[PDB]
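Residue numbers (the deposited numbering), protein chains in the order written: chain c1, 2 to 147; chain s6, 60 to 218; chain s9, 2 to 132; chain s8, 2 to 123, 135 to 200; chain s4, 2 to 261.
Inspection log for the structure reproduced underneath, given as structure tokens.
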Amino acid sequence: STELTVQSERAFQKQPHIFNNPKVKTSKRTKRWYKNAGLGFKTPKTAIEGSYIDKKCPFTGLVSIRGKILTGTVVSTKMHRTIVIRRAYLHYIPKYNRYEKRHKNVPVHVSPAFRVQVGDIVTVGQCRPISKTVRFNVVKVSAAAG
Amino acid sequence: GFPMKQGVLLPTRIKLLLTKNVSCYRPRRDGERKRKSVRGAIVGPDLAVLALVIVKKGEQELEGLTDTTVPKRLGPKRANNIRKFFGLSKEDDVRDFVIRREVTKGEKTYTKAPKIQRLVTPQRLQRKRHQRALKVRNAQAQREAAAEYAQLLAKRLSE
Amino acid sequence: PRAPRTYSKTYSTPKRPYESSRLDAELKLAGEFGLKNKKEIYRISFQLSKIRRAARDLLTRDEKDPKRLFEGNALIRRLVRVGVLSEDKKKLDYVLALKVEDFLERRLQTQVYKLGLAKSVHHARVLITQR
Amino acid sequence: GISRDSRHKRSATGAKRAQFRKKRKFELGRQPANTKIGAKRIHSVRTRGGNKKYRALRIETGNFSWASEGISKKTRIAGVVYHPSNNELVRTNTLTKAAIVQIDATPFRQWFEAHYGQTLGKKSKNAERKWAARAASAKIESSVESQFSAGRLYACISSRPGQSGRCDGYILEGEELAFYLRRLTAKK
Amino acid sequence: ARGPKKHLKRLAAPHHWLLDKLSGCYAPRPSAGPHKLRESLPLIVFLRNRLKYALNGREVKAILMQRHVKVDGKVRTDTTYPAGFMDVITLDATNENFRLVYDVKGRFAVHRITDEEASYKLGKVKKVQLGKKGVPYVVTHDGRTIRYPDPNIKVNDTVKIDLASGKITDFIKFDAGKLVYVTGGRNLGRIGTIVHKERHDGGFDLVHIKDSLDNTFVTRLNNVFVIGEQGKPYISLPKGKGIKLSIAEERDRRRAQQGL
RNA sequence: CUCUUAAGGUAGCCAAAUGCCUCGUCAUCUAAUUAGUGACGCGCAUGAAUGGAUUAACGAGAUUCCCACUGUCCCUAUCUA
RNA sequence: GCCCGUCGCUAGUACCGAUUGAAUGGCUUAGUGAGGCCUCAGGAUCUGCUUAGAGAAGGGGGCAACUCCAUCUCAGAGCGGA
RNA sequence: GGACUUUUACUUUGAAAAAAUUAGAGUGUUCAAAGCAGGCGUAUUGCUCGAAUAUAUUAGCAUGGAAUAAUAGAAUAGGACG
RNA sequence: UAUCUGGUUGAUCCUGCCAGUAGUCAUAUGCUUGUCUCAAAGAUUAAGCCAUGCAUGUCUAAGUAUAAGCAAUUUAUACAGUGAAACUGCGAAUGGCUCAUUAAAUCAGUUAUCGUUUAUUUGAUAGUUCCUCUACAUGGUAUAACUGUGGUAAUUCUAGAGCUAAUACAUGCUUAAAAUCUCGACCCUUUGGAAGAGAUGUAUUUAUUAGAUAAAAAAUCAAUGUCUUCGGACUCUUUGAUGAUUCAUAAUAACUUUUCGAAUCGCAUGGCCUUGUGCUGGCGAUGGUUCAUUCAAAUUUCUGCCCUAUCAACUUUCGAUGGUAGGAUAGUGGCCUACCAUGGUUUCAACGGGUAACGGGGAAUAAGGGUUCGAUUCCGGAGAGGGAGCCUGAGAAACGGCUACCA
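Right, here's the structure in full:
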């Protein structure tokens with residue numbers, strides 16, 4: 002529900018091997034490593050001018066996007082830095098030459114770069130086991146309703 | 060029938076998990092441990108036999124023992140191990156020192172001897188010569204093609 | 002763990018066991034071609050059905066169908082090579098009108114007879130099965 | 002023994018699971034090397050497919066690096082000060098990654114005062141030539157300088173002593189040191 | 002299964018060997034080697050199933066143990082050695098030089114090349130890597146690695162190797178037009194130019210193709226093996242040039258060639 | 001259908017605090033039960049505000065058994081005022 | 001003519017039912033806890049390094065003086081390993 | 001000229017795609033069930049065609065289509081295009 | 001290969017079942033049984049119990065031969081043929097059997113490893129090791145078989161004393177040229193410069209750095225690099241793969257109970273000149289570190305399961321969903337642990353229950369659609385009386401391995 006003032010956890014929050022010399026006065030108080038995700042996914046401003054950490058962020062972090070690029074609607078933002086996406090479809094029963102509405106809930110990691118709520122069509126991408134349930138990662142976010 | 064075991068203490072049979080390089084057990088396959096019975100290390104009256112070894116010799120002679128003496132069976136076989144046995148030095152050529160034993164057939168007796176191992180031979184010295192050659196030759200050749208490529212690379216640029 | 006040396010059965014008993022009509026016709030056949038039992042007609046009745054089915058299916062397709070032409074003419078070329086289909090009845094329409102005795106006629110049995118050598122199918126029977 | 006398998010867990014739905022198979026070795030886990038401070042004691046452990054791991058379970062002296070000054074010196078490691086995971090590690094002085102430990106400062110003293118020719122907050137020709145150039149570059153943080161007076165430096169462990177066998181770390185500089193400093197007077 | 006498997010049930014073997022159904026429970030099972038065991042060809046199957054130079058599998062070994070056979074110039078003696086595409090095989094004691102190269106069905110045809118040409122082969126590069134000590138290297142489709150390559154050589158480009166020195170001697174790039182051999186899939190055995198490569202980020206680029214008959218087929222980049230220029234092969238193609246004809250056009254070519 | 005003497009024991013309940021025979025018969029609990037319980041009922045002599053049957057809760061009421069417990073006992077000993 | 005229910009005989013089936021009924025399996029609270037594995041120890045027996053004193057060698061190079069490497073033999077004084 | 005559906009379902013055609021089984025081409029196991037053989041000849045040092053094809057109705061991937069059926073967009077203008 | 005018929009009435013037409021009919025890679029049983037081809041076969045009930053035998057061992061020209069083995073001769077006075085035993089190496093994790101467990105598990109098609117391990121095969125890959133007077137014409141110990149002293153009723157039990165090998169065990173030399181670095185005797189004061197001293201294989205661990213790009217111009221601070229026409233100037237200046245990375249790879253400072261860098265074996269018998277058993281030298285074998293290949297493995301994305309609500313809420317017990325750090329693993333991961341939040345699934349059927357449930361390839365039934373079946377020739381899975389634990393090894397939570405409890 003809320004993004005900490007970075008140094009909230011008992012461990013110091015920093016990007017691995019991104020060093021800034023104290024003997025060298027600059028502009029930015031802290032350097033910032035980010036990358037381009039791939040498959041033509043544009044990295045957001047928030048992913049750059051931020052001081053959020055998230056070692057599980059697609060950009061700015063230590064994961065990567067390969068496998069399956071999915072899309073479903075947001076159904077639960079109640080967690081912290083991960084949400085629940087619903088994926089609706091239609092199974093085909095040969096016998097009745099007809100279909101039935103099925104659905105799946107797919108847990109996804111949501112970077113602090115995106116500020117997403119229930120509603121919101123979202124574009125997630127597969128990314129190795131982050132954490133038991135979670136296997137995918139928010140990458141692009143289509144609008145809500147207004 | 061059970062054997063005493065070094066330093067268990069106790070004067071009674073017990074069952075230990077035994078392993079490789081341990082008395083009272085010869086492993087029938089690699090990594091096979093076996094729960095086997097064993098006798099203590101302390102002398103009781105429940106002993107069938109008791110091996111002793113003589114340290115200091117006593118006053119009188121022991122007929123089966125001190126009196127008689129028995130030879131070793133095998134003599135030295137390694138180069139220096141023959142040298143050490145007779146006390147030779149590095150340049151003494153063992154070949155004419157090795158132990159020979161006579162074997163009688165019926166009417167043609169013959170002798171035999173080991174096969175001085177570790178012995179430095181013309182062949183061995185030839186092998187070290189080859190290894191040396193191959194190493195230096197292959198190194199230079201690997202530097203030949205090294206610079207050869209680096210110049211093939213500049214002409215992907217300078218042109 | 003070997004390979005299942007495959008197989009299949011050759012005949013097909015009738016759906017209705019006692020048709021005085023059918024049972025008559027079957028007996029007529031068994032006597033003139035000199036057969037041994039009803040199985041020797043079931044064998045051929047069954048063989049006939051696939052053929053008519055094979056052709057029944059090919060005909061439903063649009064003509065000049067790559068599969069229809071190959072699998073049809075291949076069917077027709079075989080049926081003619083044995084003497085069951087007329088030399089110029091080489092159409093799938095003409096194989097659906099094919100009937101049992103066409104096949105039945107071409108047996109060695111009714112050839113040993115049909116050109117001397119025997120002067121009786123029952124004679125022809127024993128002549129074949131005695132080398 | 003220990004099994005890192007996920008089968009014994011529940012499903013997210015909350016459903017239980019019947020046991021599918023017995024435990025396989027290729028999902029095993031082992032007990033922690035809880036690496037304490039003391040005379041060097043390391044045992045190894047045969048891992049998957051040949052391969053050695055090094056159970057460092059007693060360590061003095063690790064290899065640390067003054068990051069900004071570009072060098073590294075092997076010190077001694079005094080005790081454990083803080084630990085973001087668990088304070089019990091601190092109390093029993095236990096060396097993990099992300100540990101925060103006090104280390105000797107004298108090897109870092111002997112470098113500074115000889116590299117630059119200065120003393121930390123109280135001849136020859138080419139020696140002076142070098143010092144003169146290296147000057148205007150050799151003033152460091154006062155939050156780091158004043159530490160030398162005590163002879164022990166705040167450092168953070170970046171090795172994994174249960175794995176590598178090394179208790180290597182890096183002396184805390186920047187805001188990182190600033191942060192652990194703040195945490196060190198709120199509680200310790 | 003507690004470890005690597007060592008048997009091959011004769012039914013689970015690759016069909017394109019054409020081993021019989023009956024006559025035994027097992028097939029040879031390629032040893033570990035240059036080619037993927039499913040994409041390979043044991044020497045036992047060549048020397049008795051494809052050449053009939055042997056009957057027993059015993060007499061296969063007796064031939065091999067005589068060192069009677071080189072593969073790519075090196076004398077191979079493992080009964081079930083896994084030879085493959087672009088390989089040569091040289092039965093010296095009978096002046097025969099082959100080259101395992103594809104049928105027009107999907108099989109390994111008995112292609113006899115000259116006593117020359119067997120002094121080289123081709124190689125599809127798989128990766129181009131910077132090795133250690135700065136040295137660069139390429140890896141070909143038969144587990145050959147050649148250090149110090151032409152900087153131009155990228156992935157998918159083929160490579161002219163010798164056969165007693167390694168060493169690349171010219172090569173072909175992958176662009177439009179080139180002459181291509183399909184090495185697997187529904188079009189295995191076919192030959193044609195290029196027309197198009199339809200790249201797909203994420204995975205799987207397809208490569209449209211056209212033969213010497215204006216028939217356009219498509220496969221996956223993986224299956225494409227460049228072997229030279231339009232109408233200009235860098236090796237001797239087997240009979241039929243891997244052109245592929247329908248079952249219809251097959252049947253006509255049979256009955257016509259049949260008789261006289 | 002009949003007689004005494006007005007009716008002729010219904011709904012229920014039982015060897016029940018009411019059953020003689022009787023330590024009733026069957027089942028259950030036990031090694032073994034004139035005990036207990038569940039049943040059966042031509043019930044010497046059950047039975048309907050002379051109240052009948054059921055009943056949660058309550059009981060220093062009567063009765064059976066289990067667990068725990070223990071000098072009640074086997075089998076006695078020792079100590080203190 | 002058809003036909004309903006009590007009542008009466010025989011056989012079969014399921015149901016209810018004292019028995020704090022019984023059996024088998026799975027999962028389990030509490031208490032107890034084998035074994036091998038990891039670890040603090042222990043140290044039957046083994047053993048590497050170093051040092052002074054002793055006996056016997058050969059010279060790193062001298063008219064008498066000078067001084068290394070290797071090997072092995074017995075009182076010891078240290079610090080290490082299996 | 002390459003990329004290009006607001007977001008889909010649908011439909012076309014392909015791709016990756018085990019063998020056996022099934023369907024089915026050739027072949028005279030003497031016939032057939034089978035098998036994957038075999039066929040021709042100076043048969044005294046030979047020649048030669050084969051071991052096809054189709055099927056997968058879910059899902060994924062690639063692709064031609066935009067009818068039918070869903071869906072988003074400018075209303076306090078917090079609009080589009082440059 | 002799109003078919004019906006017999007039975008409710010006195011008779012009729014319907015509803016509607018029962019009964020007949022036909023097949024079954026469908027099992028049993030009965031009666032009968034001549035030939036050819038093909039050949040399933042203790043699945044069902046009891047993954048119930050098992051006498052006895054067998055089913056896993058293995059050697060080349062090429063690791064170890066002092067058999068008091070045999071053949072015998074060798075040119076054989078080190079050995080030399082053949083070779084019991086034993087050591088060393090490799091295999092015993094494949095196969096074969098069964099279907100007990102298992103219902104989102106397994107399995108199938110489809111992905112993923114920018115998330116790991118991999119004996120072996122195949123292709124590559126090593127001049128650096130000591131040190132401010134060193135074995136390299138080759139270091140040091142030990143053990144088996146054997147010998148002899150023995151114990152026990154008993155077994156693939158073994159004790160104590162004596163011997164001797166290695167590609168076993170443990171040690172340990174080696175190689176060219178340049179260059180770049182740090183420390184810096186000293187000299188001469190300027191644009192100032194150095195004499196030689198040490199360091200620089202790979203692997204290990206940690207930090208720092210390079211790994212550039214969409215199109216262009218200056219100003220300075222900091223430390224110092226070429227130059228020229230000694231005033232000041234500086235051009236043609238280098239960098240790979242991916243859709244994407246802290247990638248490949250290189251560099252700097254160091255770290256290390258220091259990984260590897262041939263003390264090995266068979267054939268060959270040649271060539272040089274100062275002629276010394278001097279120097280050079282062929283074809284392999286077996287090793288070896290790192291990468292690649294291969295045979296794999298381990299996790300993994302999407303979609304798909306039979307009956308059931310007389311199962312409606314489930315999950316957080318004592319991890320249930322997530323976050324941060326750590327530990328552990330070959331590695332990702334609530335896999336485990338600390339701390340922190342209260343999340344996670346559900347009428348589109350969760351959760352629970354049943355299955356006489358291993359999944360699939362497939363099988364039976366032929367209008368079509370469907371119905372039923374799949375222990376069982378192939379693939380995947382699992383198990384070896386029940387559980388757990390573990391040694392060895394590349395690989396096993398292995399059972400013709402061990403350890404324990406249970407039966």
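Note that CB positions come from ideal geometry on N, CA and C, so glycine has one too.
Could you tell me how far apart the beta carbons of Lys-105 (chain c1) and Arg-129 (chain c1) are, in whole angstroms, since I believe they sit closer than 8 Å?
Not a contact, Cβ separation roughly 20 Å.
Is it buried or exposed, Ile-101 (chain s6), if we count other Cβ atoms within 10 angstroms and call 16 or more buried?
So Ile-101 (chain s6) counts as exposed.
Just to confirm before moving on: does the CB-CB distance between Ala-162 (chain s8) and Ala-106 (chain s8) stay below 9 Å?
Yes, the pair counts as a contact, with Cβ atoms nearer than the cut-off.
Just checking my contact of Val-142 (chain c1) with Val-117 (chain c1) at CB under 8 Å: how many whole Å lie between their CB atoms?
6 Å between Cβ atoms; contact.
Who are the near neighbours of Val-67 (chain s6) in its chain, counting only those whose CB is closer than 6 Å to its CB and skipping five residues on each side?
Answer for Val-67 (chain s6): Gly-99 and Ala-100, listed in chain order.
To the nearest angstrom, how far is the alpha carbon of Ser-171 (chain s8) from that of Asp-180 (chain s8)?
Rounded to whole angstroms, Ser-171 (chain s8) to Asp-180 (chain s8) spans 5 Å at the Cα level.
Does the beta-carbon distance from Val-225 (chain s4) to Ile-210 (chain s4) come in below 9 Å?
Cβ atoms of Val-225 (chain s4) and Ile-210 (chain s4): closer than 9 Å.
Just by C-beta distance, which residues in the region 104–135 of chain c1 are closer than 8 Å to chain s8?
Hits within the stretch, in order: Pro-108, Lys-133 and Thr-134.
Determine the direct distance from the alpha carbon of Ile-45 (chain s4) to that of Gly-58 (chain s4), and round the result to whole angstroms.
Computed Cα separation, rounded: 7 Å.
Indicate whether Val-101 (chain s9) and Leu-28 (chain s9) have their beta-carbon atoms separated by less than 9 Å.
Cβ distance not < 9 Å, so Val-101 (chain s9) and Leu-28 (chain s9) don't count as in contact.
Going along the chain, which residues of its own chain have a beta-carbon closer than 6 Å to the beta-carbon of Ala-79 (chain s8), five neighbours each way excluded?
Cβ neighbours of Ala-79 (chain s8) beyond the five flanking positions: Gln-103 and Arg-164.
So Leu-99 (chain s9) and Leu-86 (chain s9) are supposed to be a Cβ contact under 8 Å. How far apart are they, rounded?
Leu-99 (chain s9) to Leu-86 (chain s9), Cβ: 7 Å. Contact.
Quick check: what's the CA-CA separation for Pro-85 (chain s8) versus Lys-32 (chain c1)?
For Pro-85 (chain s8) and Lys-32 (chain c1), the distance between alpha carbons rounds to 24 Å.
In chain c1, which residues lie with their C-beta within 9 Å of the C-beta of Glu-188 (chain s8)?
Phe-13 and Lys-15, listed in chain order.
Any beta-carbon of chain s9 closer than 9 Å to the one on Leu-12 (chain s4)?
Yes, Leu-12 (chain s4) counts as interfacial toward chain s9.
For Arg-39 (chain s4) and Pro-31 (chain s4), what's the separation of their Cα atoms in angstroms?
The straight-line gap from Cα to Cα measures roughly 8 Å.
Considering only heavy atoms of the ligand ZN, does any lie closer than 8 Å to the CB of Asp-253 (chain s4)?
You won't find the ligand ZN in this model; it holds no ligand whatsoever.
Here's a check: name, in chain order, each residue in its chain whose Cβ is nearer than 8 Å to the Cβ of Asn-94 (chain s8), leaving out the five neighbours to either side.
So the list reads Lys-37, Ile-38, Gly-80 and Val-81, once near-sequence residues are dropped.
Here's the rule I'm using: 16 or more other beta-carbon atoms within 10 Å means buried, otherwise exposed. How should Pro-59 (chain c1) be labelled?
Buried, since its Cβ has 16 or more Cβ neighbours within 10 Å.
Name the chain s4 residues that come within less than 7 Å of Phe-71 (chain s9), Cβ to Cβ?
Chain s4 residues near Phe-71 (chain s9): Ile-248 and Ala-249.
Roughly how many angstroms lie between the CA atoms of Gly-243 (chain s4) and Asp-215 (chain s4), to the nearest whole one?
Those two C-alpha atoms are separated by around 14 Å.
Specify, as a first and last residue, the run of the beta strand (DSSP E) that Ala-57 (chain s8) falls within.
Here the beta strand (DSSP E) through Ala-57 (chain s8) covers 53–59.
If distances are taken between C-alpha atoms only, which option among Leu-19 (chain s4), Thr-184 (chain s4) and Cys-26 (chain s4) comes closest to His-8 (chain s4)?
Checking every option, the nearest Cα to that of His-8 (chain s4) belongs to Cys-26 (chain s4).
Any C-beta of chain c1 within less than 8 Å: which residues of the region 173–199 of chain s8 qualify?
Hits within the stretch, in order: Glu-185, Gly-186, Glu-187, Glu-188, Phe-191, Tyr-192 and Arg-195.
Anything in chain c1 within Cβ reach of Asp-202 (chain s4), meaning under 8 Å, just list it in chain order.
By Cβ distance, chain c1 contributes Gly-39, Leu-40 and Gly-41.
Any residues in the region 17–28 of chain c1 with a beta carbon nearer than 7 Å to a beta carbon of chain s8? Which ones, in chain order?
Within the region 17–28 of chain c1, the residues whose Cβ lies closer than 7 Å to some Cβ of chain s8 are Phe-20, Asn-21, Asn-22, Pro-23 and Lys-24, listed in chain order.
Counting only Cβ pairs nearer than 9 Å, list the residues of chain s6 close to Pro-31 (chain s4).
What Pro-31 (chain s4) touches in chain s6: nothing, since even the nearest Cβ is about 30 Å away.
Hey, how far is the Cα of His-18 (chain c1) from the Cα of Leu-65 (chain s4)?
Using only the alpha carbons, I get a separation of about 57 Å.
Residues of chain c1 with CB under 8 Å from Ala-145 (chain s8), in chain order?
The contacting residues do not exist; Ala-145 (chain s8) stays about 15 Å from chain c1 at best.
Count Cβ pairs between the region 147–158 of chain s8 and the region 22–32 of chain c1 that sit closer than 8 Å; are there 3 or more?
Yes, they touch.
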